[PDB]
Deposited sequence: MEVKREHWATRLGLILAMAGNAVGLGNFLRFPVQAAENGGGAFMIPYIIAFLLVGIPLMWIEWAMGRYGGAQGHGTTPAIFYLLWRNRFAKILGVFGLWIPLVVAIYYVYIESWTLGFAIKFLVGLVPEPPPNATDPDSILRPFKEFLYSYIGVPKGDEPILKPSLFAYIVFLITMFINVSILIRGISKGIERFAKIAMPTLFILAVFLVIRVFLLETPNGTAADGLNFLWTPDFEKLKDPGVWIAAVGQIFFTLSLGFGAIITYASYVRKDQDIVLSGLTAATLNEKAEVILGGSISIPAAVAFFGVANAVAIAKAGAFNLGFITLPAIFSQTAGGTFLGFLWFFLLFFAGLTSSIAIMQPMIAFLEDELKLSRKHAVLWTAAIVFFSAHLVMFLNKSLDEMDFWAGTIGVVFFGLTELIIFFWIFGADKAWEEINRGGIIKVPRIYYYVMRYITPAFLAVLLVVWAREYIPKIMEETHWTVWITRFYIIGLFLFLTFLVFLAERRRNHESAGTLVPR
């Protein structure tokens, strides 16, 4: 089995797994939609009661499985709980990252396309003033790129450039993954994460210099970091905070587990896992939190910035920020640096969420790495045409896999590892080889607080929010639901074939 070559490479690869589009695009929108500082108290508590403990649990499960030649949850769940229902539940550890990859890599390809166009200066020129006259050319730029519907049909028509850039993006992902763990993912992380950190710090510094008649970047930081204890009673904020914690740390994707399956059986995971988790949170709240929101607040004020965040999920990062930059000398190049930052953040995450399918084809069906990578890329590239051409298919996949799925799977993996496998056996496995020990209080958190916290979350979610999404959406949501359900059945069939191959061997 491949292993990570160095401790630093392991940490930077895991940090690149975590640090992605969720830090720089998702977190600012989630925080702004939910009152800024009102969002941060639940967010911090969720990190301490969910993020950290599940990170350690996923590192432990992966290292445990890797020592027996298994890096994905169908086999690992079965090692922890010899029961054919364990293999079936483990399919979600292939399905969730595959479904997320199907729309994550496409969004990633937008950042590359925008980076290219901004580098070469093929960008809108606002009029030499009214905010709408500045924002509209950049809204039109995005809408022409992804092909937003101009009539009533729920149909997208991406530009030829966007389609080609998606092929290029897929090719870049493949060229890293096909070289493997140490010579591919690890080597790239050592280059990408330093670059990513420098670009982000430079953009924060540039954004901190923004000042208009409507405010300063400081006004944005006060909005994000000022507690509002009245919102501690709103379940929606807690739901939003925990969902972001899952998404930003790659928890419930089966991806941390697969990466940790390449950690040597004796090697520490307590300190390594905490460091990767801590690096992501720094990149999230310090870097991601200090670029988009302060820039938007400085130019428009809190109320307009909040409304911009609510209007869309891509408004802030693809329309508003480049528009703001356009009003400053060298703003087109700053836009390039922003989208180049997003691309590297995205790329280091998309190789991580495609590796589980690769590891399954290698570990369980005994495919060569070459064939495993090429077939995985083929499945993602083909399936992505649904997200490219059907309006709101992206949203449907992000909900079932990237929102509900991750939380459900995090509770599932905790119950399997800490209740069924055994809390004391799980606790020993986490701490074995640790440079540090997990604090004893966290044994009680993992066994009792974390599962109850999530169970309550999922119940209030399913009762007071989800029904709207099962009765109000447009009929085309069933196209995406049908397809991703078919993907689950396809992956279940592959697990079945892996069973019969081991039976026959």
property: In sequence order, the deposited-sequence ranges that have no modelled C-alpha atom; result: 1-4, 133-134, 512-519
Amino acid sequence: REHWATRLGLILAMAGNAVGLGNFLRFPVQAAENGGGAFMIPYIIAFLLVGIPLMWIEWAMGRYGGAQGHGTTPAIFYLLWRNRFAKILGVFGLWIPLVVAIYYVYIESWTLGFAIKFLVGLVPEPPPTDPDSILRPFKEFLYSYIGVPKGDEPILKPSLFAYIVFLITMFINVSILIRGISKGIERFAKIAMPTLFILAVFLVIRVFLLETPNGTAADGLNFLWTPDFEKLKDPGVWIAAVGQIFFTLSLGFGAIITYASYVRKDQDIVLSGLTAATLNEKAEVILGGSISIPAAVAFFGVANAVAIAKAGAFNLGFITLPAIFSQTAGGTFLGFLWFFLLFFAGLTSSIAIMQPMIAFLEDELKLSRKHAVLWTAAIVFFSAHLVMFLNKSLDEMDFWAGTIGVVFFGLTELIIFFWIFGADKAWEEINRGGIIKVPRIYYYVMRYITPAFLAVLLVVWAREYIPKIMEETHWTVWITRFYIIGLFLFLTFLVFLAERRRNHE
From here on, numbers count along this sequence of modelled residues.
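Think of the rigid core as the biggest set of C-alphas that the two forms share within 1.5 Å after superposition.
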item	value
Between stretches 152-160 and 186-194, more displaced by Cα RMS in 7 other deposited structures of this protein (rigid core superposition)	152-160
Stretch with larger C-alpha RMS deviation in 7 other deposited structures of this protein, core superposed, 396-404 versus 302-310	302-310
Other compared entries missing residue 38, a third or more	no
Missing coords for residue 469 in a third or more of other PDB entries	yes
Stretch with the greater mean C-alpha B-factor as recorded in the entry, comparing 296-304 against 242-250	296-304
Segment of higher mean CA temperature factor, 115-123 or 217-225	217-225
Peak C-alpha temperature factor (PDB record), options 186, 230, 363, 398	230
Among 393, 109, 182, 280 - the residue whose C-alpha B-factor is largest in the record	182
CA B-factor placement of residue 212, once the chain's modelled residues are sorted into thirds	highest
Where the record places residue 93 (Cα B-factor, split into thirds across the chain)	lowest
Chain-relative CA temperature factor third for residue 457	highest
Ranked C-alpha temperature factor of residue 439 among modelled chain residues, by third	highest
Where the record places residue 418 (Cα B-factor, split into thirds across the chain)	highest
